[PDB]
Structures are given as C-alpha cells and as structure tokens.
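For reference, the structure is listed below as structure tokens.
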Amino acid sequence: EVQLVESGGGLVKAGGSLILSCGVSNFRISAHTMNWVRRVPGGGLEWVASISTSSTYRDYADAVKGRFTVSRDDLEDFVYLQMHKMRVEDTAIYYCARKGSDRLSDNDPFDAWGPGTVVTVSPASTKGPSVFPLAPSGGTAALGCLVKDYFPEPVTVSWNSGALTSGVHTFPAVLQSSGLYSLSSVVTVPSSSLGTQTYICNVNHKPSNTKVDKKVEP
Amino acid sequence: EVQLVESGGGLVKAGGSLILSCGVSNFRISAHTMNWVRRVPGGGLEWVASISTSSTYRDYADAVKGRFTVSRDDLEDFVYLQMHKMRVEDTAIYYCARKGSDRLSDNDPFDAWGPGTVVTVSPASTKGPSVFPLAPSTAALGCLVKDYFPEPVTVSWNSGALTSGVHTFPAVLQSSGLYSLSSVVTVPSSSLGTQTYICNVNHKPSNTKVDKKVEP
Amino acid sequence: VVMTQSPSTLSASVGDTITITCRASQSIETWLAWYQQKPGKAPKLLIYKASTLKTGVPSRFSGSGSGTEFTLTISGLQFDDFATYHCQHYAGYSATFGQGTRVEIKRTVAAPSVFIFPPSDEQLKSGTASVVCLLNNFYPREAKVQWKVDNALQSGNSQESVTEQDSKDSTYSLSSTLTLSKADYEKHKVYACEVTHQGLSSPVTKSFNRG
Amino acid sequence: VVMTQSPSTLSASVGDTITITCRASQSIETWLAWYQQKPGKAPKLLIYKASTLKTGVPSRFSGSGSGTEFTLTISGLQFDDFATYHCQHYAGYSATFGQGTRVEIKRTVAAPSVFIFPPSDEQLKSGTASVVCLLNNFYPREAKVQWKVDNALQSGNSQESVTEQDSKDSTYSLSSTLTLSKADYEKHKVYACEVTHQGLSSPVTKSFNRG
Ligand SMILES: OC[C@H]1O[C@H](O[C@@H]2[C@@H](O[C@@H]3[C@@H](O[C@@H]4[C@H](O)[C@H](O)O[C@H](CO)[C@H]4O)O[C@H](CO)[C@@H](O)[C@@H]3O)O[C@H](CO)[C@@H](O)[C@@H]2O)[C@@H](O)[C@@H](O)[C@@H]1O
Ligand SMILES: OC[C@H]1O[C@H](O[C@@H]2[C@@H](O[C@@H]3[C@@H](O[C@@H]4[C@H](O)[C@H](O)O[C@H](CO)[C@H]4O)O[C@H](CO)[C@@H](O)[C@@H]3O)O[C@H](CO)[C@@H](O)[C@@H]2O)[C@@H](O)[C@@H](O)[C@@H]1O
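Protein chains in written order, with my numbering: chain A, 1 to 218; chain B, 1001 to 1216; chain C, 2001 to 2211; chain D, 3001 to 3211.
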C-alpha cells in the first residue's frame, strides 16, 4: 500500500523556524502534485501548500504566504515545508498529501495522506532569567551570580553597576536539556571586604527587557 | 556580497529528527555543488554532506551515511539536510557552504559559508513518568501522570479489576516538551474506607511500570 | 472560493440516515471531495467528483450536488461512522476545505460532575503545583473551564483535554490542569475551578483553601 | 585520506612568525585549502590550491607544500590573527579537514584558583540544585574537572564553559555546573570538585558538606 511519513514536528517558539520533511513508500512522487495540509485545534483542515510536478507551480494559503516554502526532491522522493516567523495560529497537525487517483487526470483529490506530525507554537517568544547568588581562601574570595533558564541569548552582567570590573568573568552561556540557556558570572574580591562591601550583580536580558539586581552576601 | 543563511537548528533528543535548510543571496545555487559542514565542540570542522549540480552525486561522511539526506531546490535556491536517528555526537554548529571560484572548475574550495545554526542532541532518548495521586475530598479519585517522553502511556486501575467509571484522558504536551495526562475513576463514597485503589501506569518506550495507591 | 459545511455537529443514532451539506461561495461544478477523519488519524478520501465513491467505501455513503450546493448522505449510520467529515474544493494547484462536521451519538443533555484536586505533597516537594479540575460525564461536548486564584481569573497557565464520546453512556469528560511554581502556589489561598455548561442553570464553582 | 595538523595549539606573541603543518596520510597533490575561524563566526577561506592567496587576504599569510606535506606561515602575527586555522583536502564531491590549530597568546604556566559554590536555598526551594565550580585565571587552556558526590565520580550531569583568553593577563577561566534534582541533592552529603592542571603539583579538591 502507498505510504507517506512526515518528519520534523515539535515545539517552536513564536517567531522561530521549523522545517518538515515527507518521505514515501511504494510509489514515486515525480508524477504527483504534492501538498501540505494542517488540522488546527478547532478540528478543521486547512490547505497549506501545493507544489506541482517539476516544481512548475508553487501555491500557498494566504495565512502562510511569505512565511512558508514548499520544495520537492523527485530523485529521492521527498517533500519539504519550511515554516518561518511562526505564529501561535500555526499550531496544528501537519500532513503531506498526494494529489492522485487510479488514473491521473488534470484535477484529482488527495488520495493518500501521511499520519501527520504535531507542530505547536508557544506564545512566549522570550523568557526571563532567574538569578541566584553564588555566595562566599587566603585573601581572595569568589562570589557570583547564576543566571538560569532564560531565552534567548544574550544576557549582560555587571557588578556594582559597573564599579567592579577587575577580576570579573562572565562565562559563555550553556544550553540545557530544557531548551533554556544558563550562565554564571563571578568576581574575585579581597576576603577582608566581605563584611563591609556590598556586592550586587546587575543582570540585563534585553530580549525580554528584564533587569534584576541581586545582592550576594555570605 | 554572496550570502548564505541556515535555518532549522535547535534541541533534539537522541534518536529524533531535525531538518535544516539553507537559503542564499546574490547568486544562484544551480551551478554550485553545495555542502554541509559542522563544527563539533572539540573545535574541529567535519565535512558532513555534499550534493552536486542536478543532484547527480550525493556524498556523506561515514559517521552520518544512512541517517542523513541532502537535497537541493535550484528553482528557489534552497538546500536541505535531513538528520534522522540523531546521536549525541551530532551536536555541532552546522554551516552550508558553496564550492566556487571566480571561474568555476571541477574542484574549487569552499569560498562562501553561512553563519551556522546550532544543533544540540540530548542523551536521553526516553523519559519515564512521575505519578502523583489525585486524592478524593459519589467521589472521584485519580492519578496525574506527568513529565514523560515520548508517547504513549497506558493506565489501568487495580490491574484491570476496576474498569467501570474510568476516564483516561488524552495526553497533553507541556511547554517543557514533556507529555502529561490524568486518569480518574468515580466510586461510591461509602467504599473509600474498604476498597483499595491503585493506578498501574505502563510506559513502554522506557519499559516503566509504576503502581500508585490513592488514599483519601 | 469559500467552503461552508452545515451543520458543525450532527447528533444521530445508529441506523439513522443523515445528510451533511457543503456550500461553495461560487460555482465549482463537481470539483468536490468528502473525507472522513477519526481523532488522531489521517483523513480518508470517501467521495470525489461530488458523487464518485472511492474503492473500498461502503455503499451507505453517497454524494450528490453541483455548482454551489453539495450533500453527503449516510444511510444506515453504523458505529464505525461516528467521526468528523470534511468537504474540499480541489483545483489543479490549490484546495480549500470546509470547517468540518462532527457526527456524534445523540443523547439527552447531562450536566457535568465537577471535582477539584489540590497538588499532592510529593509533587510540591519537586517545586511544581498541579491543580486538577475534572468535568465528568457531560453532554453535549462544549464546556468552559476558568481558573480563579484568590478570585483572580487565570489565563495561559492551564491545559485541558477531552475524552472521546463514551461507549456506554455517550457522554464526554474533560480534564483541566493548572500548573504553577511552588512559590506562586504558596503565595495564594483560594483555588477555584468554574465550569460553564448547557446542562447547568448557572456556572458551578468548586474550590479549596491551601491547607 | 586523513589530515593531521601540527601543533593542535600554537602559542605565540604579536610580531612573531609562525608555521602550522598539515600532513596528509597519502598524496593529495595541491588540493589543499587553509581557512581561518574566529569563535562564533563562520570560517573564511585564506588559501587554496596549497599556495594561492585569496584576493583580499594579507600577504603575511603564505601557504606552501605539495603531496603529503603542507605549511601555513604567518609572518608578523597581528592581534587579529589569533584564532583557529583549519586545513582541508577538498575533492570534487567530498572534503576532509584537519582537527584545527588554535593560535593563542603565549605566556607562562599559571595554576587556577578553584572555588566551589553550593546551591542557593532560593533555588533549592524550586526543586533544583546547581553546584558550581570555578577555575580562575589559569594557563594553558587544558584543564580537567571531575565531580564527586560522596566520592562517586559523576558523568553526564554537568556542563562547563570556558572564557576567551583574557585581554590583560592572557589566562583562561572555566565554570562547571553540576545539576541535580532537589531530591537527588538531598540524598547525599559531600559534594566535591577535583581539578587537574599542568600548573598544579597535584590535583586540587574543593568540597562542602550539605549543611
Ligand atoms: O496537480 C494536477 C495533477 O498533477 C499530477 O498529474 C500531472 C498533471 O500534469 C499536468 C499536465 O497538463 C497537461 C498540459 O497542460 C498539456 O499541455 O496538455 C495536457 C492535455 O490537456 C495537460 O494534461 O502537464 C503539465 C506539464 O506539461 C503539468 O503542469 C500539469 O499539472 O496531469 C498529468 C495527466 O493529465 C499527469 O500525467 C501528471 O503527472 C497529479 O498529482 C494529478 O493527480 C493532479 O491532478
Ligand atoms: O563539485 C565540483 C564543481 O561543481 C560545480 O561546478 C560544476 C562542475 O561540473 C562538472 C562537469 O564535469 C565535466 C563534464 O562531465 C564533461 O562532460 O566532461 C568534463 C571532462 O573534464 C567534466 O569536467 O559537469 C558534470 C555534470 O555533467 C559535473 O558532475 C562535474 O562536477 O564543473 C563545471 C566546470 O567544470 C561547472 O560548470 C559545473 O557547474 C561548482 O560548485 C564548482 O565550483 C565545483 O568545483
């Protein structure tokens, strides 16, 4: 039996991009106009995109025109859907469908569908960090700030509003399994100043316009 | 002048799939062999894939052959890289690059590169659920089956003894990328002190079985 | 070209004969197809060219019409036929679908039983609070759940799912989960689930105080 | 065909003349290119056909060699030249790279100052424990950090990042974060970070007891 299989769905943040792919089994796509259709949470189907044989014609729904691209690879039988600048209303199950019939005519219905792949677009395009203190040898003590679970890059960190710059290391961010970034910023100070000097890290995440001042005491 | 731009990177779990795309500016790709290269955390570059003009030849590194597919779309100037059954060592920055020169020859270097897109592969291909009780205050009780991956999860009550009144709900996908569902049952309130209620959660993708008794 | 299906939901019994209409905003001759879809499955082509049955489709399905008015008819509704039906205008390089018709089993209106569940202490130790609201055995399918935390209506922090129509009593059930951090959860006292449904004379609120 | 660069790290000062060698496991004639790459940027083509300088590339870069032995030479190293350099055998439909040579600023060996930070109570309330280990101002760049939880060597639950070479003193710094659930964190007592580095006579262990 003719089969189609989508690949590439998942969780996307608003404004991001995702590319879907479709492979086939037991036929060649070369003679078929190929299509992308989506089922929205409301339950209805929306035609998304169509690419004719030889890529001669490419057509898009108005809701996705300018943001989506459909492509085909006849030699290896693949169809592609690029989705850029994604909106929450792009959330749907996406199917690749073949235009065809027992005998090919100039206008056939969608006679074969893949099982669909779930694409969900979250409204939150940015997320603000949590800031925790890395609280306090001979004369040198180290203190710092853990800037955790933000998105996207970058985050800027200063110490004492810019007064304290010598000995400051702000490390390259790290990407966690949650899809959120995390970094730390440290500074070494004379240990004899831990009881008289106040230390505040100023964390600025401009993608979300978040400013946080955190005092780091022992 | 000549520009390339990748798209589609992100976070994938081991064994999953991700498709990258590459667009260009101020030239057409039709006459150029197009390539995918990756920079691994160690700092070195690894050639990944190559697709010749007219897609006549498609070549892959040994580490990715059988799992990756490269495609081209000359009419709209796009290149694609399908990555399936991904491993942790596929973590890298991925650049598309054209072979070219002032005059095109049979063997030119990579004279134009895109800025790269980050692809990260997590080691955990599956994750087992946590099971919490939905304790009763006709009464209703249940089990919250949270933070598993991937689908599906199966739930029975009392190993199949309790089937009447059971509702196991469609899972929901959270913003964390992990699935969560609930399973409830309604019982006579007068049986809460004599009947034991245990939900049996079976997550075959992780071979997990969990029994949770739900007391008032 | 705009396609409009009617009705959006059709309630019927096994053995009934039913008709779903599809209207085109302008004449499409007979370039119309009907698809069937079960939840979580792919759409299946039932009828094309307005009235031609695809091979394998039972003879109880029949299509008719042309121009701007089309009808799908099921004669002898069987249990396997309860599902969503989609009409589609298809052209050479584009297509447009109607909004879909859900064919469900008819029964009498039934209000839901409402229950609320505070988060378990075991989950609270993890730093996450899931408050769960259950609407049990209601009909018809449409219901509204609103969360109130110290009377502050919530939005964006809840997810819900609905069961398929029950095999025994033909009712639906709904589960809504409100997710909060342990901190935010412990900053408030009254947690309330408010349910609006046809079978209720007024919205029903079920609540608990943290404690 | 295997390409091997030498050395893997090249330490030098501004104004120096330096040579990076690239050896091919078998003859590749002159099908060899040199690329420059700065962190977070794309590679730039410097030299192709073993010795042809790309238009726009300064004449202080020079490529030479053929067969199995190739050299890149920078005469009058400027600050902008500190970066990674890659050799590449390129054929019609494939390519192979060396492992890269990082050209860094030379200085004397310096052992790191090591510090350990338990998770904040504020974060522990959230259900997550991040333990942080800091290696401050060391040289050269190679360092080894091992986490031990009640002497159990850890793997897979830590991530680290390294700063670029400091503009003032030419040292590097490293941060390693061990992440655990609050439950797992409270299942253990001793948390330790063991640092191995050339500038240390023996590994340094910094530890704390949960409490
Ligand atoms: O999406 C439509 C159709 O596509 C697939 O089938 C292909 C389709 O190709 C069409 C065909 O049109 C012909 C030209 O106009 C020619 O000049 O005249 C004849 C006679 O009227 C037309 O049929 O070819 C052109 C390219 O020349 C192409 O652009 C058209 O889409 O139809 C033919 C059979 O008619 C088929 O062999 C092709 O593979 C397929 O998905 C099908 O189910 C779709 O309906
Ligand atoms: O990847 C190498 C090269 O690719 C792009 O440039 C293309 C390349 O095409 C080559 C050309 O081979 C010639 C023909 O087979 C001819 O029949 O015989 C001569 C005998 O010497 C071959 O050189 O064409 C074939 C397709 O038939 C193709 O597979 C070859 O790779 O080179 C030509 C110029 O030589 C160019 O016009 C093509 O576009 C481009 O990326 C380039 O920079 C790469 O180096």
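We treat Cβ as the ideally placed atom computed from N, Cα and C, and that holds for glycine.
Q | Touch test, the region 3060 to 3068 of chain D against the region 1067 to 1074 of chain B, Cβ-Cβ under 8 Å, three pairs minimum | A | no
Q: Could you check the C-alpha separation between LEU2032 of chain C and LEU2200 of chain C for me, to the nearest Å?
A: 41 Å
Q) Is there a Cβ from chain C that is less than 8 Å from the Cβ of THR210 of chain A? A) no
Q.
Can you give me the C-alpha to C-alpha distance between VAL3001 of chain D and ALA135 of chain A, rounded to a whole angstrom?
A. 52 Å
Q.
Can you tell me whether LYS99 of chain A sits near ligand 1, meaning its C-beta is under 7 Å from at least one heavy atom of the ligand?
A. yes
Q) Over what stretch of residues does the beta strand (DSSP E) that includes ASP3184 of chain D continue unbroken? A) The continuous stretches of beta strand (DSSP E) do not include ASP3184 of chain D, which lies in the alpha helix (DSSP H) extending over residues 3182 to 3186.
**Q.** Inside the region 4 to 38 of chain A only - beta strand (DSSP E) runs reaching at least 3 residues
**A.** 10 to 13 and 18 to 25
**Q.** Inter-stretch contact at 8 Å, needing at least 3 Cβ pairs: the region 3012 to 3024 of chain D / the region 3071 to 3082 of chain D
**A.** yes
Q) Straight-line CA distance for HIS3089 of chain D to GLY1100 of chain B? A) 15 Å
Q: Between the Cα of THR1126 of chain B and those of B:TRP1036, B:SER1017, B:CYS1199 and B:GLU1151, spot the shortest distance and give me the residue it belongs to.
A: B:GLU1151
Q.
Can you pull out the residues from the region 1090 to 1101 of chain B whose beta carbon lies closer than 7 Å to at least one beta carbon of chain D?
A. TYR1095
Q: Kindly say whether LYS1204 of chain B, judged by its beta-carbon, lies nearer than 8 Å to any beta-carbon of chain C.
A: Cβ-Cβ to chain C under 8 Å: no for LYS1204 of chain B.
Q: Compute the Euclidean distance between the alpha carbons of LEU2180 of chain C and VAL2131 of chain C, then round it to the nearest angstrom.
A: Distance between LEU2180 of chain C and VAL2131 of chain C, taken at the CA atoms: about 8 Å.
(Q) By the 9 Å beta-carbon criterion, what residues does the region 177 to 198 of chain A contribute toward chain B? (A) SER177, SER178 and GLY179
Q: List the residues of chain A whose Cβ lies closer than 8 Å to the Cβ of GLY1015 of chain B, in chain order.
A: Near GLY1015 of chain B there are no residues of chain A at all, since even the closest Cβ is about 12 Å away, more than 8 Å.
Q | Within 9 Å of chain B by C-beta, residues of the region 3102 to 3135 of chain D in sequence order | A | Those would be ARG3102, in chain order.
Q: Take every Cβ of the region 187 to 204 of chain A, pair it with every Cβ of the region 39 to 49 of chain A, and state whether three or more of those distances are shorter than 8 Å.
A: no
Q. Where do the ends of the beta strand (DSSP E) carrying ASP1059 of chain B lie?
A. Counted as a single uninterrupted DSSP element, the beta strand (DSSP E) harbouring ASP1059 of chain B occupies residues 1058 to 1060.
**Q.** Member of B:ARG1039, B:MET1083 and B:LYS1204 whose CA lies at the smallest distance from the CA of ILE19 of chain A
**A.** B:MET1083
Q: Tell me whether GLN2123 of chain C sits in a helix, a strand or coil according to DSSP, three-state version.
A: helix
Q.
By DSSP's criteria, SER1130 of chain B is part of a beta bridge. Which residues make up the other side?
A. B:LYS1146
Q | Completely contained beta strand (DSSP E) runs for the region 59 to 107 of chain A, where each covers 3 or more residues | A | 68 to 73, 78 to 83 and 92 to 99
(Q) Tell me whether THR2055 of chain C, by its Cβ, gets closer than 7 Å to a heavy atom of ligand 1. (A) Look at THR2055 of chain C: its beta carbon is at least 7 Å from all of the heavy atoms in ligand 1.
(Q) Please tell me whether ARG39 of chain A and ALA92 of chain A are closer than 8 Å, where the distance is taken between their beta carbons. (A) yes
Q. Can you tell which of D:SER3161, D:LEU3134 and D:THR3196 has the C-alpha that lies nearest to the C-alpha of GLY167 of chain A?
A. D:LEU3134
(Q) Using a 10 Å radius around the Cβ and a threshold of 16 neighbouring Cβ atoms, would you call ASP2169 of chain C buried or exposed? (A) exposed
(Q) Just checking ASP108 of chain A against ligand 1 - is the residue's beta carbon closer than 7 Å to any of the ligand's heavy atoms? (A) yes
Q) Looking at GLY3092 of chain D and ligand 2, is the gap between the Cβ and the nearest heavy atom below 7 Å? A) Yes.
Q. From which residue to which residue does the beta strand (DSSP E) around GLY2065 of chain C run?
A. 2061 to 2066
Q: May I ask you to verify whether the region 1052 to 1065 of chain B touches the region 1 to 8 of chain A, counting CB pairs closer than 8 Å and requiring at least 3?
A: no
Q. Does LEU1134 of chain B have its Cβ less than 8 Å from a Cβ in chain C?
A. yes
Q. Does the beta carbon of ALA2050 of chain C fall short of 7 Å from some heavy atom of ligand 1?
A. no
(Q) Since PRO41 of chain A and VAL88 of chain A should fall inside the 8 Å C-beta cutoff, what is the C-beta to C-beta distance between them, to a whole number of angstroms? (A) With 8 Å as the limit, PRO41 of chain A and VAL88 of chain A do not qualify as a contact, their Cβ atoms being about 10 Å apart.
Q) Straight-line CA distance for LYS3206 of chain D to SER3120 of chain D? A) 18 Å
**Q.** Exposed unless 16 or more other CB atoms sit within 10 angstroms - verdict on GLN2198 of chain C
**A.** exposed
Q: Enumerate in chain order the residues of its own chain whose CB-to-CB distance from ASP90 of chain A is below 6 Å, with the five nearest sequence positions on each side excluded.
A: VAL121
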